[PDB]
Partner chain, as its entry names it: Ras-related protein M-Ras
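Starting off, we have a lone chain in the form solved without the partner chain, written out as structure tokens.
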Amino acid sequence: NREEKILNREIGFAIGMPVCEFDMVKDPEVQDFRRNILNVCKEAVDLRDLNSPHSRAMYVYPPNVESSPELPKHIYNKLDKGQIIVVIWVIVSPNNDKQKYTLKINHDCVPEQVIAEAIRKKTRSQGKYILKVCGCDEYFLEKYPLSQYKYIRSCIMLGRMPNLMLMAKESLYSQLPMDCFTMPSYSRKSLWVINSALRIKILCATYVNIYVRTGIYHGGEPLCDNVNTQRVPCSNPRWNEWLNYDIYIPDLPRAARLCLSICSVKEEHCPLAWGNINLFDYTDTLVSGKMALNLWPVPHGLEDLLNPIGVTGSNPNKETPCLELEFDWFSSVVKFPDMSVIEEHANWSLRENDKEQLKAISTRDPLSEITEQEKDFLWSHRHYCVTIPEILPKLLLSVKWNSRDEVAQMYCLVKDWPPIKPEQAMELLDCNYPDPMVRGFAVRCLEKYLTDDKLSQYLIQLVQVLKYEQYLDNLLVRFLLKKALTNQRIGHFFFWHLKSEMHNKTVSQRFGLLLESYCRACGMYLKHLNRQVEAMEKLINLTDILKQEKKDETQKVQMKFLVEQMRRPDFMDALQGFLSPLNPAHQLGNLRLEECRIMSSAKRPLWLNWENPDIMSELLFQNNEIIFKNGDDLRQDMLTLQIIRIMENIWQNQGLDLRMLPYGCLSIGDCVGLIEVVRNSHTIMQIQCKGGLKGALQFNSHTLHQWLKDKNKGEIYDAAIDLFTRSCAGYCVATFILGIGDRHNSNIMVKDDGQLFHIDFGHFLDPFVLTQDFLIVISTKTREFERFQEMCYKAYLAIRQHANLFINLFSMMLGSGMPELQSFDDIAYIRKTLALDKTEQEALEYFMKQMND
């Protein structure tokens, strides 16, 4: 049909690769995934059309709200007797005259009550309206308490006054397209019985320019010793050898994998090409017969001669080392047993001090190692551990995954295991836990106890752990896809986190198929995503040209070329009138070329400035600024900003107001990304160079206080000083805990109201100087510094209390090929700085001493 072809073209443009390539993939799992994944799209679409236009309106404009409606003590104290002052705006005439109406209402009021009181205040001179945020496309469409909306709570925290616009509901529903998801055109035995040992024949290898080292693994742990084949000259890469393993065939867990590599010898063993295969396919069948596997190049800094944590599947580039293998073939097709046989074989197969010992064990952090004695101890008490559920990760770690009996008994324990918090459920999804039942339990916990707010807060870690999935079709991907197809706020960053790694051929297939399904079921938003993709395409083209053709020209010549190329209507049409990838609720209209510029600095970053076309853009920001950087990796920055936002949330919900600044930052491709521009912000180096005594003079650090006092005179002085002190202490603790890279006068920034923050997080996990500027702004021996030290200590304790969450986040991000995060050894730095193995008072003294230096 026509709709099908146009949708295919658009999806190909959005994903980067054409849809037709997926069809030419003669892989049963690929086509079965493409087909079976459409049930999730159907569920999501039905949920969208479930309740007339309101359901679609919630799908496109979901409420941006906090997970808990309860306000912290200090946040509630900032209210006028538990009330809030809110300005509601109304556009009246064809001239669009804007009339404001100020109200003082209970913070816990519903948007309906807000609209009612607004109409009351307006008439002193029915439910057919809704509330929009003045300046962006955010809508208060749900019966939430107003204060629970992130915008309202932010206004309450920042002292700013919320400005909302009243909008007829029909005016918004008329802007909602009648979406029509069209179903694609590509839609319409023994068991364990075999008793023996696993053996595999390595036949030969092609495209080799030595021996083959193999092993059987379950996630990261080997189910048996590794096996080296006969050292053969590379001229004739023919082994035809049979490798036998100390593993009974039925003893193989469901997620057993074969990890192989080709090594050379000088004495000096060095890997050449690696590969991993699923012993069981997606249909639970045990692979048999001949199989050709194209290997992958080795990643940098590989400790061993094997890469088990690497992705599974043959290399898409078939012009690579190809190893031929042979698996035993028995009577009939072998399948993994059903859960019923598992339960049958499981059924067939205590002191107070010891209970408190189990509790203390559960209290420990993830990276803390568990001894063999402790493993057998947890296993002997596997039934009592159901009363303390959060010990489930360590219990799983204590299992002998090379014994079908223990695996079946653990399956039984999991089938009825109590649910645990999402923060703890994510730990069971990293590379350590590949078992399908454990991952299903974790996904159930997420589905049951994860707010979409918390989902967006951890969306990147989940999209990453996706790579740890043994098969294309699994419960985790289905959950993520359903949430992305029922919530466009989540779907935006879902699509972008996926597209930002389409360059990686290791997950090109998986993420490509997932993006195909998403774009097929996402709706009209595919058009806006395509416009954003084309804008980023033009930006990448321009910045690539700048870094090579005109790379060694002067600032003004590069600027002249950038102004020339930024016009060329084919480019203006592409970079004008689209949604901000950093925040799709932000419209970006016409470019203010007079305000765009190359940032100098490193790798020629682009500083772009758009006008805000919002009807009431002046009440939020009339100009939106963004830094498009094509050069260095931004994943580290994304993770750091996420962690900083989480730390600020912890501090707020715990009762210490340390205003951080986790500005927007989105990696959109291979080292190509965007950065949010914080208005009215300048670097300390700027403060010193602008306040330099003269053109030829020294740049003392004492002036910063003078600059702040000039920018804040009168009663605003103490407020600015308090803001500076609090934000400074917060960033002190953050940078110490995370081990952020070298700070200096230009890595730090301050705003006109005193807020301090950081930028450009180069390397972490491998001493905040507190230049006498900061100490002078805080006031060494003053009550101000006493309160400062108290703040720092309290924040350090608060973060030590969530060390577990932070370590789990890092262990989940391990999958991403980031430099400063390649092994658990890098994460151990946090276990160090937080003194996990020490006590609370010990860690307090440790941090006191560390900050004394």
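Positions refer to the first chain, counted from 1. We call the rigid core the largest set of C-alpha positions that still match within 1.5 Å between the two forms.
The form solved in complex with the partner chain is left out here; the points below concern that form.
Contact with the partner chain in the bound PDB entry holds for all three of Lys100, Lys121 and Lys713, each having a heavy atom within 4.5 Å. Site annotation in the bound PDB entry: the residue of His763, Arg382, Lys454, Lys104 reaching within 4.5 Å of the partner chain with a heavy atom is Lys104.
The contact with the partner chain in the bound PDB entry, taken as any heavy atom within 4.5 Å, belongs to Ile85 out of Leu158, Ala719, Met291, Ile85. When the partner chain is considered in the bound PDB entry, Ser125 lines it closely, a heavy atom lying within 4.5 Å.
Residues with any non-hydrogen atom within 4.5 angstroms of the partner chain in the bound PDB entry fall in just one of 294-302, 92-100, 701-709, 444-452: 92-100. Just one of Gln457, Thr725, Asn583, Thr320 moves its Cα by 2 Å or more between this form and the one not shown on a rigid core overlay, and this residue is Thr320. With a cut-off of 2 Å and the rigid core superposed, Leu392 has a Cα displacement that falls short of the cut-off between this form and the one not shown. With a cut-off of 2 Å and the rigid core superposed, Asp632 has a Cα displacement that falls short of the cut-off between this form and the one not shown.
Comparing the forms between this form and the one not shown, the C-alpha position of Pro422 differs by less than 2 angstroms, with the core used for superposition.
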